[PDB]
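Quick notes on the structure that follows.
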Ligand SMILES: *P(=O)(O)OCC(C)(C)[C@@H](O)C(=O)NCCC(=O)NCCS[C@H](CN)CS(=O)(=O)NC[C@H]1O[C@@H](n2cnc3c(N)ncnc32)[C@H](O)[C@@H]1O
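Residue numbers (the authors' numbering), protein chains in the order written: chain A, 438 to 761, 769 to 904, 912 to 957, 963 to 1033, 1041 to 1114, 1118 to 1388, 1396 to 1512; chain B, 6 to 69.
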C-alpha cells in the first residue's frame, strides 16, 4: 500500500563504491596537483606533496614500530599541521587513532587511555608535559630530534591498501549523561562512505578553502579535515585562541579568504550577531542542534548555500542533510525508519521514533556489549541480520521525502551546549507556596538569541528568581518571568507560542577589581554594561565564552579560575569572594570617628573652619516646584541618614543629634539671574563649624516662578562621591511622595554609619596580632612605601610658601572620542585597564617635566566592599598610594606593565585606612592626586521638573596638583570621549602653565597611542605654538 | 515508553550471523537473520547474558 513508500521509495539511497578509498583520492590528488596548497595553519603552510610525503614516512615509521589493524594510537597533539599528518598517517598504516583534546580534565583523558589501552601515544613537546602517562604504553615525541631524524629514514612512497573495511578507523567518546563515557568504535567503510558522500555533495573546486574550528574530540573534525583533502581544496586550521575570540575568528575568515565552514549554531550566532560581514559569501554547514528559525532566516539572507546537518555519533558524523525544522533526506546507503512502540512504520504526518540503519552504523561501544545491544538492535526492514540504531529522537515524515524534527523522548532540550530538563525547572518553580502552575519555553527576542522564558500562574515577584536560583544551576534559571491568565492553545491542540506575551528581555562595582571584572564580563558577553549582581550564563553565556572569560581574567588580574568555580559563582560579586561583615552594633557610650573622618577632623582642628572640603550640589529646576514638599523631603532624608545630622566636638567623637533636636532650615532668597553666579560663589564658600553644627545647608534661589536653583552645601566629612547617588535618589523619592500624597517607598538601612565606624575600629584593634589581615596589609605598605621622597619637584612658577593659601584654580580640557577608543584598545590589547593607561601617561608626563624617576601618586577608592554600605550616605572614601617608577627610560609598554603590577599589588591591600598609614609612617605621602571617574553623574529627576545637576567648584586646592578624568559613554555604550580637569594650587602655578600642562598631557597620550613602543624620553613635549617661534628663530639665524 | 527502555518487561537475546548480540522485546516478532541466543527472561538477566557472552565485538568476518 503506502508502507512501500516510507520503506523503499524514500530510502532509494544506494551507491556502490567505485573501488576508491578517500585516502586513495587524496594520493591521486597529490599526484595531480603537487604544488597545490593543502594545509594552512597560522604562518606555516604545507603543499599536497609535502603533506602526503611526511604522512607516508610517518606511516612506514609507525608500521615498523609495530602498529597494525585493530590497534589504537593516541593523538595527544596540538591543533596544527602535525595533527593532520598524524591522523592521516595512522589511517594509512591501517590502524585506528584515538583523538585526544588536552583541554579536557585529566581524569577524563586518563579514563580514555585506561579504557582504550592504546599501543603508543604520539605527541609534541608542547604537550608532552601535560601527560601523566600510564606504564601501559610508550610515548613517541614527534618533536624530539632523535625521533624526528628517525622518521626521515623511511620511504615517502604510498602504502599498499590491502586492509579490511570492518576494522576501526577511529574511536570517539561521548558522555550520554550516564556518568561514564562510551567509546564509539567507528569502522573504516562508514567513514569512507560518509566522506565520499560529502565529496559528491559539495563541488569544492580548487579555489575553495575550509576553516576547521571543531576540536578533534568530535567526529565533525573528520569532515573538516579530510573533505578538503579528497577534493582539490585547501584547509585552514584554527587554534582555540582564535575560536574563543569572535573579533579574531571573523578576522581570519576574511584574511584567509575562507570559502566554506562548518560549525554549531552557537558559534554561528556568535558571529552573525556582531560580525555579519565575514559570512557574506560563505558556504555554511549547520548541525548538532535544532536551528532557530530566526537564525536560519538570517543565514539564508546574509550567507549562501546553508545546509542543515543531522546525525548521532553512532551513525558516523552526519546521517541526514538538507539545504534551507527540516533534517531532510538521508545520505548514501542510509535507511531511515520512523517507527512506533511496536516497531512498525507509520504513515506520513505521523510522529514516531527515529531508527537509523545502513553503512553509517558503528561497530558499537568499546567493551560495552550491553549498551550496544540496548541501542544497536535487530533490523526487520533491511537485509537479514541487519541492525538499527534507535536515536531517541521523535521525527515525522513530511509531505515529500523529508523529515521534520519534533524532540527527544527524554523531554530534554539542547540549548547553548546544555542538556536542559525543562520539567525540573517548572517543577521547582511551581513548588513555591505562592505558585500554582508554570510553563518554561525558549523564545527569541534577538535574532538567533534563544532565551529561557518562564510563564507563571499564581495561587489563589523577584524573590521567585532567588527561590529558583538557590535550587537550580544558573544555566537553567529563566531570563524573564511573566505572569499570565492561562496558557493559550492552537487549533491543532498545541500551546501557542505566538499567543503568549512578548518577553521583557530585561548594582555598581565597589572596588577596582570588581570594575575590571565587570568590564571583562561586558566584553565577553558583547553587551555594553553589566552589573555586580548579573549572571553570566543567563545573558547567553556558554562554555566557550566561559573559557575566554577565564583567559582574560587570568591575563588582566593575574588569576587562574577553574570553570567549575565560574559555574558555582556565575556573578562577579560571588567571584570576588577576607574582611568580616558589618553587623549591627548596639548603642555605644561614644562613637569614634571613622578613619576617613579623623584626617579631616585633624586638619579642621589644626587650621580651623575652612571651605576646602565643601561639596556644593547645584541643581537647576525648571517648572512648577512645590516648596513644602521639598522642605519635607530634605527633613526626611536628613532623618534617614544620621551623618547628615552629626556634630564633632572635642574630648574626637561622633554625636548624632535627634531629628527634632537638630532643627533643619531652608533658606529661600529671590535674586536676579545676573547675580546667580556671584551669590553662589559666596554661598559655596561658607565655613562649617563642625564642632557645633551639622555640616549641611539648603538654599533655594528664585530666578522666576518656574525657574529655580537649589543649593545643597555639604562637607566631605559626612558625604562622599558615592553617597551623592543614594542621597539624590532619596530626596527625589520623598518629594515625589509628597506630591502624589502617598507614603514614601524606602529601603531600610541594615547598618548606620556609626556601625561602619565601630566596625572599622574593631577591625583595626587587631593590629597587634601578627597573623591578622590588617597587620599583613600594613606590613605590605610598610615595605612598599618605604623610602618615599620628601617632595616632588614640579616646574613651579612660585616657590612653596610657609602658609598654604589653599586657593586653587581649575583648567578644563577634553579628549575626543576617537582617541578615547584608541586608549581603550591599547588597554585591552596590553592586559591592562584604561585606569592603568591614564596612570602611565600621567607618570610619564610628570617624569618628563622633571618630577623625578620615582613618583608616588594617590588615587581614591569607594571603600564600600560590604553590601550593607550600598545605600549609606557618609564618608567611605579611601586612598591608595600608587608608587610609580619611571627610571630606566622605558617604553610606554614596559611602563604600563610596571603600573599594572603596582595597581594589582595595591588592590590586594586596599582594606586599610590611608589615615592609619599616615599615622604609622611618621600632604603627608603624596603631593599629586589622580581621580578617575567611570560612572555617570547623578541626577535628581523630580516630578514635573526639568533638572540639571552640577557640582560647583569652591575655588580651593586639596593638593598641589590634581588630575581628574571622567569617562563618558555613548547612547549605544560606545566611547564618547573623555572629560578632564586640572585642579592646581594658585600659589604654585599660573593658569597659563597648567593650561599648557593639559595640552602637553593630551599630546603625550596621542604620541604613545600612535606608537606604544616609544621610549618616554623621546616623547615630543613641545606645543605647535612653541614650535612655530622655535623654527622662526633658526629661520632668522641660518639665513 | 520505548520498547527497549521498559524495565518491567519480558525480553530476549537475539544473535547475529556476524556474532552480534541484540536485545529484543518478547512481544515483537523476531526479524529475519536473527536467532534466539537467550530465551524469555528479565531484561537484567538478558543484559547479563550479553555481558557474559559477547566478548569480542568484532564481526566473525574478521575472526579466523
Ligand atoms: P563546557 O562546559 O566545557 O562544554 C560545552 C562546550 C561548548 C565547550 C562543548 O559542548 C563544545 O565545545 N561543543 C562541541 C560541539 C559538538 O560537540 N558538536 C556535536 C557534534 S557530534 C554529533 C554529530 N556526529 C551531533 S550530536 O551529538 O549533538 N547529535 C546528538 C543529538 O543532537 C541532536 N541533533 C543533532 N543534529 C540535529 C539537528 N540538525 N536538528 C535538531 N537536533 C539535532 C539530536 O537530538 C541528536 O540526538
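Ideal Cβ positions, reconstructed from N, Cα and C, are used throughout, including at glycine.
Under 7 Å between C-beta atoms, does residue i make it to chain A?
i, result
"residue 26/B", "yes"
"residue 40/B", "no"
"residue 56/B", "yes"
"residue 20/B", "no"
"residue 17/B", "no"
State the Cα-Cα distance for the pair residue i and residue j, rounded to the nearest angstrom.
i, j, result
"residue 1486/A", "residue 1366/A", "16 Å"
"residue 489/A", "residue 626/A", "21 Å"
"residue 1143/A", "residue 1137/A", "10 Å"
"residue 875/A", "residue 726/A", "31 Å"
"residue 1359/A", "residue 1268/A", "40 Å"
"residue 1372/A", "residue 1348/A", "7 Å"
"residue 922/A", "residue 1378/A", "37 Å"
"residue 671/A", "residue 593/A", "21 Å"
Please state if the CB of residue j and the CB of residue i are separated by a distance shorter than 7 Å.
i, j, result
"residue 1202/A", "residue 966/A", "no"
"residue 792/A", "residue 654/A", "no"
"residue 1375/A", "residue 1243/A", "yes"
"residue 1327/A", "residue 1346/A", "yes"
"residue 624/A", "residue 648/A", "no"
"residue 780/A", "residue 774/A", "yes"
"residue 1438/A", "residue 1405/A", "yes"
"residue 1198/A", "residue 1415/A", "yes"
"residue 474/A", "residue 482/A", "yes"
"residue 888/A", "residue 711/A", "no"
"residue 520/A", "residue 610/A", "no"
"residue 8/B", "residue 828/A", "no"
"residue 1221/A", "residue 1048/A", "yes"
I'd like to know if residue i contacts chain B, where contact means its C-beta is closer than 7 Å to some C-beta of that chain.
i, result
"residue 532/A", "no"
"residue 552/A", "no"
"residue 867/A", "no"
"residue 829/A", "yes"
"residue 733/A", "no"
"residue 824/A", "yes"
"residue 813/A", "yes"
"residue 818/A", "yes"
"residue 785/A", "yes"
"residue 808/A", "yes"
"residue 790/A", "no"
"residue 444/A", "no"
"residue 510/A", "no"
"residue 488/A", "no"
"residue 1292/A", "no"
"residue 535/A", "no"
"residue 821/A", "yes"
"residue 798/A", "no"
"residue 976/A", "no"
"residue 628/A", "no"
"residue 499/A", "no"
"residue 603/A", "yes"
Contact between the segment 841-857 of chain A and the segment 42-61 of chain B (3+ Cβ pairs under 8 Å): no
Does the segment 1020-1033 of chain A come close enough to the segment 987-1006 of chain A that 3 or more CB-CB pairs lie under 8 Å? yes
Answer yes if the segment 1309-1324 of chain A comes into contact with the segment 1441-1450 of chain A, meaning at least three C-beta pairs across the two stretches below 8 Å, and no otherwise. no
Kindly confirm or deny that the segment 482-500 of chain A and the segment 678-695 of chain A touch, where touching means at least three C-beta pairs closer than 8 Å. no
Is it true that the segment 1123-1131 of chain A meets the segment 1069-1082 of chain A, where meeting means three or more beta-carbon pairs spaced less than 8 Å apart? With the cut-off at 8 Å, the segment 1123-1131 of chain A and the segment 1069-1082 of chain A do not touch.
Pairing CB atoms from the segment 1424-1437 of chain A with CB atoms from the segment 1236-1254 of chain A, are three or more of them under 8 Å? No, they do not touch.
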